[PDB]
Amino acid sequence: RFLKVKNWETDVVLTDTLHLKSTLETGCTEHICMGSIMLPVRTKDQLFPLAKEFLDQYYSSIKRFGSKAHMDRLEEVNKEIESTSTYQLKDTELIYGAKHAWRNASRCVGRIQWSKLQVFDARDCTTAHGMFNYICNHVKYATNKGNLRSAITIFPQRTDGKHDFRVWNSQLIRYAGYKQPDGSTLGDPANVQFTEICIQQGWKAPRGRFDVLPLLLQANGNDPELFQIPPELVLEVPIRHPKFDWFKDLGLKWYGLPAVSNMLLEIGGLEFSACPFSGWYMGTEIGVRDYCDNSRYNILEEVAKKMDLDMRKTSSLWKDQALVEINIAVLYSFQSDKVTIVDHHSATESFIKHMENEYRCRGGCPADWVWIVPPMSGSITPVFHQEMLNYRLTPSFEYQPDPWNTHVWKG
Amino acid sequence: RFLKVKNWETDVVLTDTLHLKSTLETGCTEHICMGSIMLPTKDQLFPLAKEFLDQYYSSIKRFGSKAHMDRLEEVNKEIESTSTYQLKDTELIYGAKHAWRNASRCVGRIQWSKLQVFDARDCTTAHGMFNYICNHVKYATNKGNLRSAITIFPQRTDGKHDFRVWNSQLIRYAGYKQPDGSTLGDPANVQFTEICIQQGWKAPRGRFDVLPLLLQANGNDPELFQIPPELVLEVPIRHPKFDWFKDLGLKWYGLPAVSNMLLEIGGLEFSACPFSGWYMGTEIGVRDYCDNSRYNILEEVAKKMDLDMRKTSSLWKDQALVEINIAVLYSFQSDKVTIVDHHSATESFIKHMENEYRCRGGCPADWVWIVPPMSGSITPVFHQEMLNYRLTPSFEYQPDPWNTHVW
Ligand code: HEM
Ligand code: HEM
Ligand SMILES: CNCCc1cccc(OCc2ccc3ccc(N)nc3c2)c1
Ligand SMILES: CNCCc1cccc(OCc2ccc3ccc(N)nc3c2)c1
Ligand SMILES: C[C@H](O)[C@H](O)[C@H]1CNc2nc(N)[nH]c(=O)c2N1
Ligand SMILES: C[C@H](O)[C@H](O)[C@H]1CNc2nc(N)[nH]c(=O)c2N1
Ligand SMILES: [Zn+2]
């Protein structure tokens, strides 16, 4: 079966065959589309075809499908599974898997970069102190003095689900959020619940507006431990505006390195529950979502006031005007400090090129329109007019429940 | 089988049961989502009618009544006899309002029950259609105090006697391909602006020439009519601050009147059902003006603002996009023509969505279309999970008549 997607702006039509290699469920049916729903212990039974499917993929990619190397590897994995109930990936396979999980991430607009991923193998890690060391090294490597480099560090895979490695932080670097008795929030409201746990776990909170949260690290199913990232490793950028001098006095800054640390990496049926990865920011992530979401720092108004906008009627678009100036300031600040960032026009333009290349070289590119379109100025980016097909390929990044909701406490 | 949708800004959770009454197909499967794809007999008819009469009689608290059962037999008898059937006015109005209510892509559905339905099923000719369309336009326009309206022409019989309005909208600006290479007027209508000529129109080859109507009655060849200019309410576009904005020489019409959709009620097909409401500002300023394959004046506005158009990172496009949209809203509000901003309209829609979940058990919604084309995440709908499914009565797309007309 063939599927065609049309760019309504260029009339370019593409043909998808890759969706045939799709296994996992979308959430949708003939009768309902769940395309806007945010988030819609394995027996040897279902493990071998998963491993085999992965190894067939891997060996096809290295032009060795059906080789003796391929066949012996299937045999070895087969024997390891029935003997030990799981298996170990070679380094080559692990790197391939991690890159392809990113390549397959249908909500990621930054996928043009997928083949340049530095993969750090942390599978020999046994303790939280070990995890901290690996993560420090990741951050130092990734940050690279502002010249950001994509990287992923992969901790040991799940076994029985009782000895999981988990990074409890949703991102390696994030600001604390504190709920005040009067109902207001100090810092990042997105992090209030996590900040609380940290505090309960013995973190002494500075209680400022931009306190970098400690790492809360769980090795081998043991209770998580607190670690402070060395501040010299946390690259931060003071936000200023190129025309508005009062903007700096808002006292804003943001960290340079977006490093998502709560997702699960699935490769050949193996589950890596702690696999922090990082790239670099698209400006709107900070300027639109992190500062302007009503459920975040929500500074739209204070910016709007300082611009002396007509804030009486929404039809003055004061919210839209403030939003743009803030995003201008984020991009200005990062570029001025030589910290890698990409604006949404550049990023979506790149993604379109990537996508067309993928259709050609791969037979498709799974893409979630809902996430790919930037949170501002959607229709003046080329992705907006781009029809996209969403389907799930493995290897993949998956969500997993927050660890504090599932963790069995030792003491 | 009972579905929950979360709003991520408010944690408000809604439970949908209404999707269970869905009948048509989405284009999606368990293995692939097509959420971002724009366009995915005597025996067929009676269950379709039954289904409709069932919901109709339920809506008036007379499900399981003599009248219900009697109407059911009558329609059934009329079907087996005539191979189709006629709706009663009450049912027709009900069906039209519910087609709007069920339009998952429409952010303006909070207004769904205030729809003026104009029964034009007695119409036989293009001149007749023209008369009805002029009356619709005058009524809907209301000197700027816009009112929602639909005019419904005779239902399809056998696909040979189709009533069709060939325009995509009752009011749209001409577009001509220059010898220069680019495009004069509206690029979206170049192919239509041509068919008008190829049928006999005489373009003032201008930039904002109101297109003539091309009206097809009873399957016959379509005929050109000029909408009386005095019925076409237009708004000169100025900015409340950029005095140079006027010189760009832009205007737009007040009445968005979509005329190429097919209205399906109780199995019956109304191929000609032009309907109109009023604009959300972003439809004109974001899409009509700033789309690359439309008026595409972003660059020109940016220059007059003397923004740094050297690198995309200055966000000059975004900056200009906003000013343009401020001007549109300002221009309509000034001239006392109904318009709604995307903030108001999405806020209205969340409320409508709440109401529908309460009083109906759900509200089919297409996030891809509901979220406005600018500033999406600072509107409440961006953080709103939505379920998309097809309920009937409904508006459907239909092929362009020229591709299909048996001349
Ligand atoms: C290198 C530059 C990168 C850019 C500019 C970028 C950009 C983005 C953006 C803007 C999103 C949407 C996030 C949101 O709005 O919350 C996203 C999602 C995502 N990205 Fe990328 N990304 C980059 C690198 C990476 C890397 C290195 C990985 C993994 C190795 C990755 C994997 C993902 C995944 C799995 C999602 C979906 C998250 C979810 O489903 O919640 N990205 N990306
Ligand atoms: C009264 C004020 C109204 C507002 C503010 C409004 C708003 C909108 C907007 C912004 C869209 C997306 C259009 C686009 O971006 O191209 C839309 C779509 C739609 N509207 Fe409404 N609308 C209104 C009235 C109506 C009425 C009166 C009807 C029918 C009785 C209707 C039926 C539809 C349908 C069927 C679509 C989907 C069109 C498609 O699938 O291509 N709307 N609406
Ligand atoms: C603001 N939307 C957050 C919703 C959400 C929920 C769970 C995970 C999640 O990850 C977003 C995400 C993931 C990977 C990224 C990689 C690079 C980058 N610049 N942003 C990235 C952003 C995002
Ligand atoms: C710019 N998108 C155009 C795609 C498209 C194709 C076919 C029909 C169509 O209708 C949009 C539409 C329908 C009804 C409307 C009612 C009111 C309003 N302000 N806009 C409305 C807009 C829209
Ligand atoms: C490819 C994509 O489906 C297409 O550009 C859609 C996206 N969302 C839209 N949303 C609205 N409201 N109107 C549109 O015309 C479109 N076009
Ligand atoms: C309900 C909806 O799916 C949710 O708000 C999504 C919308 N699109 C998004 N798109 C991106 N890139 N990031 C997001 O967090 C979201 N949130
Ligand atoms: Zn879907």
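Residues numbered from 1 in each chain as written, not as in the entry; some residues may be left out. Chains lettered and ligands numbered in written order. Heavy atoms only, no water.

The name given to chain B in the PDB entry is NITRIC OXIDE SYNTHASE, BRAIN, with Rattus norvegicus as the source organism. The PDB lists this entry under the title "Structure of rat neuronal nitric oxide synthase heme domain in complex with 7-((3-(2-(Methylamino)ethyl)phenoxy)methyl)quinolin-2- amine".

In the annotation of the PDB entry, chain A is listed under the name NITRIC OXIDE SYNTHASE, BRAIN and assigned to Rattus norvegicus.

Explain the site of ligand 5 to me, please; I cannot follow it from the model alone.
In the vicinity of ligand 5, the contacting residues are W369, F384, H385, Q386 and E387 of chain A together with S36, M38, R287, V368 and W369 of chain B. At the site occupied by ligand 5, the surrounding residues belong to chains A and B. For ligand 5, an oxygen atom lies 3.3 Å from a polar atom in the side chain of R287 of chain B. At 3.2 Å from a nitrogen atom of ligand 5 is found a main-chain nitrogen or oxygen belonging to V368 of chain B. Protein contacts shield 87% of the accessible area of ligand 5, which totals 390 Å² for the unbound molecule. Each residue belonging to the shell around ligand 5 can be placed in one class, and the counts come to five nonpolar, three polar and two charged. (Near = heavy atom within 4 Å. Polar contact = N/O pair within 3.5 Å; in protein donor to acceptor, adjacent residues only side chain to side chain. Areas by Shrake-Rupley, 256 points an atom, 1.4 Å probe, with all protein chains shown as cover. Nonpolar A, V, L, I, M, F, W, Y, C, P; charged D, E, K, R; others polar.)

What should I look at first to understand the site of ligand 6 in this one?
As a matter of local geometry, ligand 6 sits amid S36, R289, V370 and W371 of chain A together with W367, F382, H383, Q384 and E385 of chain B. Within the side chain of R289 of chain A, an N or O atom sits 3.3 Å from an oxygen atom of ligand 6. Take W371 of chain A: an N or O atom from its main chain is 3.1 Å from a nitrogen atom of ligand 6. For ligand 6, the protein covers 88% of the area, taking 390 Å² as the surface of the free molecule. Looking at the shell around ligand 6 residue by residue, the class counts come to four nonpolar, three polar and two charged.

Before we go on, may I ask you to explain helix α9 (residues 344-362) of chain A in this structure?
Note on helix geometry: an α-helix contains 3.6 residues per turn, so any two residues three or four positions apart are oriented the same way. Residue and element names in this part refer to chain A. Its 19 residues place the ends of α9 25 Å apart at the C-alpha level, agreeing with the 27 Å of an ideal helix rising 1.5 Å per residue. Within the span of α9, buried status applies to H344, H345, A347, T348, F351, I352, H354, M355, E358, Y359 and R362. Its side-chain oxygen 3.0 Å from the backbone nitrogen of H345, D343 forms the N-cap of α9. (Helix = DSSP H or I, 4+ residues; strand = E, 2+ residues; numbered from the N terminus. Expected span 1.5 Å × (residues − 1). Buried < 20%, exposed > 50% of the residue type's maximum accessible area, 1.4 Å probe, protein only.)

Before we go on, may I ask you to explain the sheet that holds strand β4 (residues 149-152) of chain B in this structure?
Strands in a sheet are paired, the pairing made by backbone hydrogen bonds, and the direction either parallel or antiparallel. Residues and elements named next belong to chain B. Taken in spatial order, the four strands line up as β3-β4-β15-β12 in an open sheet, and their pairing is mixed. Each edge of the sheet is formed by a strand with only one pairing partner; in this case those strands are β3 (116-119) and β12 (257-258). Strands β3 and β4 of the sheet are contacted by helix α3 (residues 89-101), whose axis makes an angle of about 130° with β3. (Pairing = 2+ DSSP bridges. Contact = heavy atoms within 4.5 Å. Axes fitted to C-alpha atoms, helices over the stretch in contact; angles between N-to-C directions.)

Honestly, the coordination of the iron atom of ligand 2 in this entry has me stumped. Any pointers?
Six octahedral donors at a metal ideally form angles of 90 or 180 degrees, and four tetrahedral donors ideally form angles of 109.5 degrees. Of all protein atoms, just one serves as a donor to the iron atom of ligand 2, and that atom is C106 of chain B (SG), at 2.5 Å. Tracing the backbone shows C106 of chain B in the loop between α3 and β3. (Donors = N, O, S within 2.8 Å, 3.2 Å for Na, K, Ca; no water.)

Whenever I open this one, the sheet that holds strand β8 (residues 213-216) of chain B confuses me. Can you help?
Residue and element names in this part refer to chain B. Strand order in the open sheet formed by three strands is β5-β8-β9, with antiparallel pairing between adjacent strands. At either end of the open sheet lies a strand with only one pairing partner, and these are β5 (164-165) and β9 (223-225). Direction of pairing for β5 relative to β8: antiparallel, over a ladder of two bridges. Its bridge partner lying in β8, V165 is registered against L215. Where helix α4 (residues 126-141) meets the sheet, its contacts fall on β5, β8 and β9, and the angle it forms with β8 comes to roughly 125°.

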